[PDB]
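Asker: Contents of upload.cif (mmCIF, N, CA and C atoms and all ligand atoms) are given next:
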```
data_structure
loop_
_atom_site.group_PDB
_atom_site.id
_atom_site.type_symbol
_atom_site.label_atom_id
_atom_site.label_comp_id
_atom_site.auth_asym_id
_atom_site.auth_seq_id
_atom_site.Cartn_x
_atom_site.Cartn_y
_atom_site.Cartn_z
ATOM 1 N N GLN A 658 -55.209 -64.210 -0.090
ATOM 2 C CA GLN A 658 -53.917 -63.632 0.246
ATOM 3 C C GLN A 658 -53.785 -62.279 -0.439
ATOM 4 N N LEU A 659 -53.339 -61.274 0.316
ATOM 5 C CA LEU A 659 -53.171 -59.925 -0.202
ATOM 6 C C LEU A 659 -51.756 -59.434 0.076
ATOM 7 N N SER A 660 -51.251 -58.615 -0.840
ATOM 8 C CA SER A 660 -49.902 -58.076 -0.737
ATOM 9 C C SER A 660 -49.745 -57.186 0.490
ATOM 10 N N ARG A 661 -48.485 -56.889 0.818
ATOM 11 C CA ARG A 661 -48.188 -56.053 1.976
ATOM 12 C C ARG A 661 -48.517 -54.587 1.717
ATOM 13 N N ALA A 662 -48.444 -54.146 0.462
ATOM 14 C CA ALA A 662 -48.728 -52.758 0.118
ATOM 15 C C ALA A 662 -50.211 -52.474 -0.082
ATOM 16 N N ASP A 663 -51.079 -53.478 0.048
ATOM 17 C CA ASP A 663 -52.507 -53.252 -0.139
ATOM 18 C C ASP A 663 -53.146 -52.511 1.030
ATOM 19 N N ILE A 664 -52.507 -52.505 2.202
ATOM 20 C CA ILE A 664 -53.028 -51.838 3.390
ATOM 21 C C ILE A 664 -52.302 -50.513 3.563
ATOM 22 N N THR A 665 -53.035 -49.491 4.003
ATOM 23 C CA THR A 665 -52.426 -48.185 4.219
ATOM 24 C C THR A 665 -51.383 -48.287 5.322
ATOM 25 N N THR A 666 -50.241 -47.636 5.110
ATOM 26 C CA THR A 666 -49.132 -47.657 6.055
ATOM 27 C C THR A 666 -48.869 -46.258 6.589
ATOM 28 N N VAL A 667 -48.596 -46.173 7.891
ATOM 29 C CA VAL A 667 -48.291 -44.922 8.573
ATOM 30 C C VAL A 667 -46.908 -45.064 9.191
ATOM 31 N N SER A 668 -46.057 -44.069 8.960
ATOM 32 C CA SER A 668 -44.693 -44.101 9.476
ATOM 33 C C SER A 668 -44.698 -43.844 10.977
ATOM 34 N N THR A 669 -44.309 -44.858 11.753
ATOM 35 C CA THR A 669 -44.244 -44.721 13.202
ATOM 36 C C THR A 669 -42.918 -44.134 13.668
ATOM 37 N N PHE A 670 -41.999 -43.841 12.748
ATOM 38 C CA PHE A 670 -40.694 -43.284 13.071
ATOM 39 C C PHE A 670 -40.696 -41.774 12.887
ATOM 40 N N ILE A 671 -39.870 -41.065 13.676
ATOM 41 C CA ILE A 671 -39.771 -39.572 13.642
ATOM 42 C C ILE A 671 -38.617 -39.192 12.708
ATOM 43 N N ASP A 672 -38.858 -39.125 11.401
ATOM 44 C CA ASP A 672 -37.789 -38.885 10.390
ATOM 45 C C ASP A 672 -36.835 -37.754 10.779
ATOM 46 N N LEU A 673 -35.523 -37.946 10.586
ATOM 47 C CA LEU A 673 -34.499 -36.892 10.822
ATOM 48 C C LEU A 673 -33.593 -36.856 9.581
ATOM 49 N N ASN A 674 -33.732 -35.837 8.730
ATOM 50 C CA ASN A 674 -32.946 -35.730 7.470
ATOM 51 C C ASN A 674 -31.551 -35.192 7.790
ATOM 52 N N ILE A 675 -30.496 -35.876 7.338
ATOM 53 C CA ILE A 675 -29.091 -35.438 7.592
ATOM 54 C C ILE A 675 -28.382 -35.209 6.248
ATOM 55 N N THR A 676 -28.061 -33.956 5.905
ATOM 56 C CA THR A 676 -27.372 -33.593 4.645
ATOM 57 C C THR A 676 -25.910 -33.325 4.929
ATOM 58 N N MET A 677 -25.029 -34.268 4.584
ATOM 59 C CA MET A 677 -23.572 -34.125 4.809
ATOM 60 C C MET A 677 -23.088 -32.838 4.135
ATOM 61 N N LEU A 678 -21.970 -32.281 4.597
ATOM 62 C CA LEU A 678 -21.418 -31.046 4.056
ATOM 63 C C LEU A 678 -20.703 -31.354 2.746
ATOM 64 N N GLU A 679 -21.140 -30.715 1.666
ATOM 65 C CA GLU A 679 -20.534 -30.949 0.365
ATOM 66 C C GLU A 679 -19.074 -30.505 0.351
ATOM 67 N N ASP A 680 -18.255 -31.247 -0.390
ATOM 68 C CA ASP A 680 -16.843 -30.917 -0.497
ATOM 69 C C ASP A 680 -16.682 -29.590 -1.227
ATOM 70 N N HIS A 681 -15.710 -28.794 -0.785
ATOM 71 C CA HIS A 681 -15.436 -27.489 -1.372
ATOM 72 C C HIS A 681 -13.973 -27.406 -1.771
ATOM 73 N N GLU A 682 -13.718 -26.824 -2.938
ATOM 74 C CA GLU A 682 -12.372 -26.653 -3.474
ATOM 75 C C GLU A 682 -12.036 -25.170 -3.475
ATOM 76 N N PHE A 683 -10.905 -24.820 -2.865
ATOM 77 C CA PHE A 683 -10.448 -23.438 -2.780
ATOM 78 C C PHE A 683 -9.415 -23.199 -3.872
ATOM 79 N N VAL A 684 -9.633 -22.160 -4.674
ATOM 80 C CA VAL A 684 -8.735 -21.813 -5.773
ATOM 81 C C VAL A 684 -7.815 -20.678 -5.330
ATOM 82 N N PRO A 685 -6.602 -20.556 -5.875
ATOM 83 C CA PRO A 685 -5.728 -19.451 -5.463
ATOM 84 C C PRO A 685 -6.358 -18.107 -5.794
ATOM 85 N N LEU A 686 -6.133 -17.126 -4.923
ATOM 86 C CA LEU A 686 -6.694 -15.798 -5.126
ATOM 87 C C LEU A 686 -5.819 -14.765 -4.431
ATOM 88 N N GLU A 687 -5.386 -13.760 -5.191
ATOM 89 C CA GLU A 687 -4.549 -12.679 -4.688
ATOM 90 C C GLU A 687 -5.064 -11.357 -5.231
ATOM 91 N N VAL A 688 -5.115 -10.340 -4.368
ATOM 92 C CA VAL A 688 -5.578 -9.033 -4.821
ATOM 93 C C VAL A 688 -4.553 -8.422 -5.766
ATOM 94 N N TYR A 689 -3.272 -8.527 -5.414
ATOM 95 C CA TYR A 689 -2.180 -8.004 -6.223
ATOM 96 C C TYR A 689 -1.030 -8.992 -6.166
ATOM 97 N N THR A 690 -0.704 -9.597 -7.304
ATOM 98 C CA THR A 690 0.403 -10.541 -7.341
ATOM 99 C C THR A 690 1.704 -9.801 -7.063
ATOM 100 N N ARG A 691 2.750 -10.559 -6.717
ATOM 101 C CA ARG A 691 4.034 -9.925 -6.438
ATOM 102 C C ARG A 691 4.549 -9.173 -7.657
ATOM 103 N N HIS A 692 4.193 -9.628 -8.860
ATOM 104 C CA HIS A 692 4.623 -8.928 -10.063
ATOM 105 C C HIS A 692 3.905 -7.588 -10.184
ATOM 106 N N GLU A 693 2.609 -7.560 -9.859
ATOM 107 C CA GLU A 693 1.851 -6.314 -9.934
ATOM 108 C C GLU A 693 2.375 -5.296 -8.931
ATOM 109 N N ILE A 694 2.709 -5.747 -7.719
ATOM 110 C CA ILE A 694 3.228 -4.831 -6.707
ATOM 111 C C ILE A 694 4.546 -4.230 -7.179
ATOM 112 N N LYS A 695 5.412 -5.057 -7.771
ATOM 113 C CA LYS A 695 6.683 -4.547 -8.275
ATOM 114 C C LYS A 695 6.442 -3.540 -9.390
ATOM 115 N N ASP A 696 5.478 -3.824 -10.268
ATOM 116 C CA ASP A 696 5.157 -2.926 -11.368
ATOM 117 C C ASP A 696 4.472 -1.649 -10.902
ATOM 118 N N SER A 697 3.957 -1.615 -9.669
ATOM 119 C CA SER A 697 3.294 -0.416 -9.173
ATOM 120 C C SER A 697 4.244 0.771 -9.091
ATOM 121 N N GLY A 698 5.538 0.525 -8.901
ATOM 122 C CA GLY A 698 6.486 1.619 -8.824
ATOM 123 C C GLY A 698 6.607 2.331 -10.159
ATOM 124 N N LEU A 699 6.704 3.661 -10.095
ATOM 125 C CA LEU A 699 6.820 4.454 -11.314
ATOM 126 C C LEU A 699 8.123 4.156 -12.045
ATOM 127 N N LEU A 700 9.217 4.000 -11.300
ATOM 128 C CA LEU A 700 10.530 3.719 -11.864
ATOM 129 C C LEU A 700 11.178 2.549 -11.141
ATOM 130 N N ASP A 701 11.986 1.799 -11.885
ATOM 131 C CA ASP A 701 12.716 0.649 -11.374
ATOM 132 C C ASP A 701 14.204 0.906 -11.559
ATOM 133 N N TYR A 702 14.951 0.876 -10.455
ATOM 134 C CA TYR A 702 16.386 1.128 -10.529
ATOM 135 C C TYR A 702 17.101 0.061 -11.346
ATOM 136 N N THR A 703 16.632 -1.186 -11.279
ATOM 137 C CA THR A 703 17.267 -2.265 -12.029
ATOM 138 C C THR A 703 17.148 -2.040 -13.531
ATOM 139 N N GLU A 704 15.926 -1.807 -14.014
ATOM 140 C CA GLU A 704 15.726 -1.600 -15.444
ATOM 141 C C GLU A 704 16.357 -0.304 -15.931
ATOM 142 N N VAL A 705 16.273 0.765 -15.138
ATOM 143 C CA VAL A 705 16.851 2.042 -15.553
ATOM 144 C C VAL A 705 18.361 1.913 -15.706
ATOM 145 N N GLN A 706 19.017 1.258 -14.748
ATOM 146 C CA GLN A 706 20.465 1.100 -14.826
ATOM 147 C C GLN A 706 20.859 0.171 -15.967
ATOM 148 N N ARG A 707 20.072 -0.883 -16.201
ATOM 149 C CA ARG A 707 20.398 -1.810 -17.281
ATOM 150 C C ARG A 707 20.353 -1.114 -18.634
ATOM 151 N N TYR B 254 46.301 14.623 -6.043
ATOM 152 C CA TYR B 254 47.367 15.517 -6.474
ATOM 153 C C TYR B 254 46.844 16.665 -7.327
ATOM 154 N N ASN B 255 47.421 17.840 -7.116
ATOM 155 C CA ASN B 255 47.101 19.056 -7.841
ATOM 156 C C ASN B 255 48.412 19.737 -8.200
ATOM 157 N N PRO B 256 48.426 20.575 -9.238
ATOM 158 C CA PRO B 256 49.682 21.230 -9.622
ATOM 159 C C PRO B 256 50.142 22.256 -8.602
ATOM 160 N N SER B 257 51.441 22.576 -8.626
ATOM 161 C CA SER B 257 51.999 23.609 -7.716
ATOM 162 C C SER B 257 51.391 24.967 -8.081
ATOM 163 N N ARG B 258 51.467 25.952 -7.178
ATOM 164 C CA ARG B 258 50.833 27.282 -7.386
ATOM 165 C C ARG B 258 51.728 28.184 -8.242
ATOM 166 N N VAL B 259 51.293 28.545 -9.453
ATOM 167 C CA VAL B 259 52.034 29.527 -10.301
ATOM 168 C C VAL B 259 51.013 30.618 -10.668
ATOM 169 N N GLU B 260 51.347 31.894 -10.484
ATOM 170 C CA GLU B 260 50.368 33.005 -10.657
ATOM 171 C C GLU B 260 49.724 33.057 -12.049
ATOM 172 N N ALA B 261 48.518 33.632 -12.145
ATOM 173 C CA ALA B 261 47.771 33.803 -13.417
ATOM 174 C C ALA B 261 48.124 32.722 -14.437
ATOM 175 N N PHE B 262 47.944 31.451 -14.080
ATOM 176 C CA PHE B 262 48.212 30.336 -15.023
ATOM 177 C C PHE B 262 47.314 29.175 -14.714
ATOM 178 N N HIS B 263 46.871 28.461 -15.744
ATOM 179 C CA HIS B 263 46.082 27.223 -15.555
ATOM 180 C C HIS B 263 47.088 26.072 -15.573
ATOM 181 N N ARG B 264 46.887 25.052 -14.750
ATOM 182 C CA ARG B 264 47.741 23.876 -14.677
ATOM 183 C C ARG B 264 46.875 22.635 -14.512
ATOM 184 N N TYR B 265 47.359 21.518 -15.046
ATOM 185 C CA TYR B 265 46.665 20.239 -14.992
ATOM 186 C C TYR B 265 47.471 19.235 -14.179
ATOM 187 N N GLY B 266 46.824 18.646 -13.175
ATOM 188 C CA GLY B 266 47.446 17.658 -12.311
ATOM 189 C C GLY B 266 46.680 16.354 -12.348
ATOM 190 N N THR B 267 47.326 15.288 -12.810
ATOM 191 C CA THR B 267 46.702 13.977 -12.935
ATOM 192 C C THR B 267 46.941 13.135 -11.690
ATOM 193 N N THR B 268 45.932 12.354 -11.316
ATOM 194 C CA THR B 268 45.982 11.457 -10.170
ATOM 195 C C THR B 268 45.448 10.096 -10.590
ATOM 196 N N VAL B 269 46.227 9.048 -10.329
ATOM 197 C CA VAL B 269 45.861 7.673 -10.671
ATOM 198 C C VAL B 269 45.949 6.870 -9.377
ATOM 199 N N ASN B 270 44.800 6.415 -8.884
ATOM 200 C CA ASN B 270 44.718 5.644 -7.645
ATOM 201 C C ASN B 270 44.181 4.251 -7.948
ATOM 202 N N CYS B 271 45.067 3.256 -7.960
ATOM 203 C CA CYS B 271 44.634 1.888 -8.208
ATOM 204 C C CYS B 271 43.722 1.443 -7.074
ATOM 205 N N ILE B 272 42.592 0.835 -7.428
ATOM 206 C CA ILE B 272 41.619 0.372 -6.448
ATOM 207 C C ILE B 272 41.169 -1.036 -6.798
ATOM 208 N N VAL B 273 41.127 -1.887 -5.777
ATOM 209 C CA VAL B 273 40.687 -3.272 -5.892
ATOM 210 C C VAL B 273 39.707 -3.509 -4.753
ATOM 211 N N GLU B 274 38.552 -4.092 -5.071
ATOM 212 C CA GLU B 274 37.515 -4.334 -4.077
ATOM 213 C C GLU B 274 36.841 -5.679 -4.280
ATOM 214 N N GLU B 275 36.347 -6.236 -3.177
ATOM 215 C CA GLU B 275 35.606 -7.488 -3.212
ATOM 216 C C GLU B 275 34.128 -7.136 -3.155
ATOM 217 N N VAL B 276 33.402 -7.420 -4.233
ATOM 218 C CA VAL B 276 31.986 -7.081 -4.331
ATOM 219 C C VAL B 276 31.143 -8.333 -4.496
ATOM 220 N N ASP B 277 29.900 -8.243 -4.026
ATOM 221 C CA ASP B 277 28.961 -9.350 -4.128
ATOM 222 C C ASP B 277 28.169 -9.212 -5.421
ATOM 223 N N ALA B 278 28.359 -10.156 -6.333
ATOM 224 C CA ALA B 278 27.678 -10.147 -7.616
ATOM 225 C C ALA B 278 26.347 -10.875 -7.509
ATOM 226 N N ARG B 279 25.366 -10.397 -8.271
ATOM 227 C CA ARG B 279 24.027 -10.965 -8.293
ATOM 228 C C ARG B 279 23.583 -11.171 -9.734
ATOM 229 N N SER B 280 22.769 -12.202 -9.948
ATOM 230 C CA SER B 280 22.264 -12.518 -11.276
ATOM 231 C C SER B 280 20.905 -13.191 -11.144
ATOM 232 N N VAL B 281 20.095 -13.063 -12.196
ATOM 233 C CA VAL B 281 18.758 -13.638 -12.245
ATOM 234 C C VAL B 281 18.591 -14.388 -13.560
ATOM 235 N N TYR B 282 17.549 -15.210 -13.612
ATOM 236 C CA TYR B 282 17.262 -15.990 -14.805
ATOM 237 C C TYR B 282 17.041 -15.049 -15.991
ATOM 238 N N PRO B 283 17.520 -15.389 -17.205
ATOM 239 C CA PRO B 283 18.263 -16.590 -17.640
ATOM 240 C C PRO B 283 19.743 -16.593 -17.261
ATOM 241 N N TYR B 284 20.163 -15.752 -16.315
ATOM 242 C CA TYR B 284 21.553 -15.682 -15.871
ATOM 243 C C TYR B 284 22.505 -15.319 -17.005
ATOM 244 N N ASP B 285 22.049 -14.488 -17.942
ATOM 245 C CA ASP B 285 22.880 -14.055 -19.058
ATOM 246 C C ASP B 285 23.710 -12.820 -18.728
ATOM 247 N N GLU B 286 23.506 -12.218 -17.558
ATOM 248 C CA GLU B 286 24.250 -11.042 -17.136
ATOM 249 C C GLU B 286 24.168 -10.957 -15.622
ATOM 250 N N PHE B 287 25.067 -10.171 -15.035
ATOM 251 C CA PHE B 287 25.100 -10.003 -13.590
ATOM 252 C C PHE B 287 25.509 -8.582 -13.243
ATOM 253 N N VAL B 288 25.117 -8.165 -12.043
ATOM 254 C CA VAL B 288 25.413 -6.843 -11.514
ATOM 255 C C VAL B 288 26.400 -7.005 -10.372
ATOM 256 N N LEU B 289 26.964 -5.885 -9.936
ATOM 257 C CA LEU B 289 27.932 -5.844 -8.853
ATOM 258 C C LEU B 289 27.384 -4.996 -7.714
ATOM 259 N N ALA B 290 28.044 -5.087 -6.558
ATOM 260 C CA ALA B 290 27.609 -4.320 -5.396
ATOM 261 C C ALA B 290 27.657 -2.820 -5.643
ATOM 262 N N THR B 291 28.480 -2.364 -6.584
ATOM 263 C CA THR B 291 28.591 -0.945 -6.899
ATOM 264 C C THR B 291 27.519 -0.471 -7.871
ATOM 265 N N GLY B 292 26.595 -1.338 -8.274
ATOM 266 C CA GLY B 292 25.547 -0.960 -9.199
ATOM 267 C C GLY B 292 25.933 -1.014 -10.660
ATOM 268 N N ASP B 293 27.116 -1.533 -10.984
ATOM 269 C CA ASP B 293 27.561 -1.616 -12.366
ATOM 270 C C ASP B 293 27.112 -2.933 -12.986
ATOM 271 N N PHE B 294 26.550 -2.854 -14.189
ATOM 272 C CA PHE B 294 26.086 -4.039 -14.891
ATOM 273 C C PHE B 294 27.214 -4.659 -15.706
ATOM 274 N N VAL B 295 27.210 -5.988 -15.769
ATOM 275 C CA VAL B 295 28.189 -6.760 -16.525
ATOM 276 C C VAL B 295 27.401 -7.646 -17.476
ATOM 277 N N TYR B 296 27.424 -7.307 -18.759
ATOM 278 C CA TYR B 296 26.682 -8.048 -19.778
ATOM 279 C C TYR B 296 27.438 -9.284 -20.250
ATOM 280 N N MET B 297 27.533 -10.256 -19.346
ATOM 281 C CA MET B 297 28.201 -11.520 -19.597
ATOM 282 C C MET B 297 27.678 -12.522 -18.581
ATOM 283 N N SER B 298 27.392 -13.730 -19.047
ATOM 284 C CA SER B 298 26.883 -14.748 -18.145
ATOM 285 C C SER B 298 27.943 -15.087 -17.099
ATOM 286 N N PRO B 299 27.568 -15.247 -15.822
ATOM 287 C CA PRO B 299 28.591 -15.582 -14.814
ATOM 288 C C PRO B 299 29.298 -16.896 -15.076
ATOM 289 N N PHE B 300 28.673 -17.803 -15.821
ATOM 290 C CA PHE B 300 29.238 -19.110 -16.126
ATOM 291 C C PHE B 300 29.914 -19.171 -17.488
ATOM 292 N N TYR B 301 30.108 -18.034 -18.153
ATOM 293 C CA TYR B 301 30.763 -18.031 -19.451
ATOM 294 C C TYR B 301 32.212 -18.481 -19.306
ATOM 295 N N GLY B 302 32.678 -19.250 -20.282
ATOM 296 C CA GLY B 302 34.044 -19.741 -20.250
ATOM 297 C C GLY B 302 34.345 -20.546 -21.493
ATOM 298 N N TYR B 303 35.583 -21.044 -21.546
ATOM 299 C CA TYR B 303 36.033 -21.840 -22.680
ATOM 300 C C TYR B 303 35.890 -23.340 -22.439
HETATM 301 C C1 LIG C 801 -35.836 -35.726 4.471
HETATM 302 O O1 LIG C 801 -36.464 -35.389 5.699
HETATM 303 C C2 LIG C 801 -37.865 -35.072 5.596
HETATM 304 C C3 LIG C 801 -38.315 -34.636 6.970
HETATM 305 O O2 LIG C 801 -37.598 -33.477 7.394
HETATM 306 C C4 LIG C 801 -38.623 -36.286 5.069
HETATM 307 O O3 LIG C 801 -39.996 -35.947 4.896
HETATM 308 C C5 LIG C 801 -38.020 -36.684 3.730
HETATM 309 O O4 LIG C 801 -38.673 -37.828 3.194
HETATM 310 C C6 LIG C 801 -36.533 -36.964 3.898
HETATM 311 N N1 LIG C 801 -35.962 -37.407 2.639
HETATM 312 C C7 LIG C 801 -36.050 -36.736 1.488
HETATM 313 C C8 LIG C 801 -35.445 -37.409 0.295
HETATM 314 O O5 LIG C 801 -36.582 -35.634 1.412
#
```
The structure in this file should be written as structure tokens.

Answerer:
Amino acid sequence: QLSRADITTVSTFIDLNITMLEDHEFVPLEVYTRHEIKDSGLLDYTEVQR
Amino acid sequence: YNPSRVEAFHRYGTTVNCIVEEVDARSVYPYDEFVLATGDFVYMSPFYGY
């Protein structure tokens, strides 16, 4: 009696590798926050009047 | 009102016009002060009271 792995084996199937799409996490990103846009002005009427 | 016309003389004429208006007040956090529609600042919390 001999084991099943003692004889050479050939794959009769046509392998098809399937790599699922990895999960992705999106982080917040802004070129200019609303605070930066407000600060872009040279003068602010609110602060000047205050 | 202005003074009556008297030759080569300076005159002072006072005018007092009572005015009452309904203005929209605005305030921001910490709400320690508020502004008026006329652009005048009021350094008092809108909720101040006894
Ligand atoms: C992936 O597919 C290939 C054939 O494209 C196959 O040879 C391989 O054993 C498969 N599995 C792994 C883990 O690479």

Asker: Residues of chain B within 8 Å of chain A, counting only N, CA and C atoms, what are they? List them as an NGL selection string.

Answerer: :B and (292-294)

Asker: Write out as a ChimeraX atom specification each polymer residue (protein, DNA or RNA) that has an atom no more than 6 Å from ligand LIG 801 (chain C), with only C-alpha atoms and all ligand atoms counted.

Answerer: /A:672-674

Asker: Any chance you could list, as a list in words, the residues in chain A that come up helix (DSSP H, G or I) when DSSP is run on the backbone?

Answerer: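 Of chain A, the ones in helix (DSSP H, G or I) are residues 661, 662, 663, 691, 692, 693, 694, 695, 696, 702, 703, 704, 705 and 706 of chain A.
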
Asker: So what do you get for CA of residue 300 in chain B versus CA of residue 285 in chain B, distance-wise?

Answerer: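 For CA of residue 300 in chain B relative to CA of residue 285 in chain B, the distance reads 8.6 Å.
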
Asker: Output the residue selection produced by the PyMOL selection byres (((chain B and resi 297) around 8) and not hetatm) on the file above, formatted as a ChimeraX atom specification.

Answerer: /B:284-288,294-296,298-301

Asker: Between atom N of residue 282 in chain B and atom C of residue 693 in chain A, measure the distance and give it in Å to one decimal.

Answerer: 18.7 Å

Asker: Report the residues of chain B whose backbone DSSP state falls under strand (DSSP E), written as a ChimeraX atom specification.

Answerer: /B:279-280,287-288,294-295

Asker: Could you pull the residues within 8 Å of residue 277 in chain B, counting all atoms listed in the file, minus those fewer than 3 positions along the same chain, as a list in words?

Answerer: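 Near neighbours after the sequence-gap exclusion: residues 274, 280, 288, 289, 290 and 291 of chain B.
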
Asker: Could you jot down the CA of residue 694 in chain A to atom C of residue 276 in chain B separation for me, Å, one decimal place?

Answerer: 28.2 Å

Asker: How big is the axis-aligned box, and where does its centre sit, when it encloses all atoms of range 664-667 of chain A listed in the file and has 5 Å added on every side, reported in Å to one decimal as AutoDock Vina command-line options?

Answerer:
```
--center_x -50.0 --center_y -48.7 --center_z 5.7 --size_x 16.1 --size_y 17.6 --size_z 17.0
```
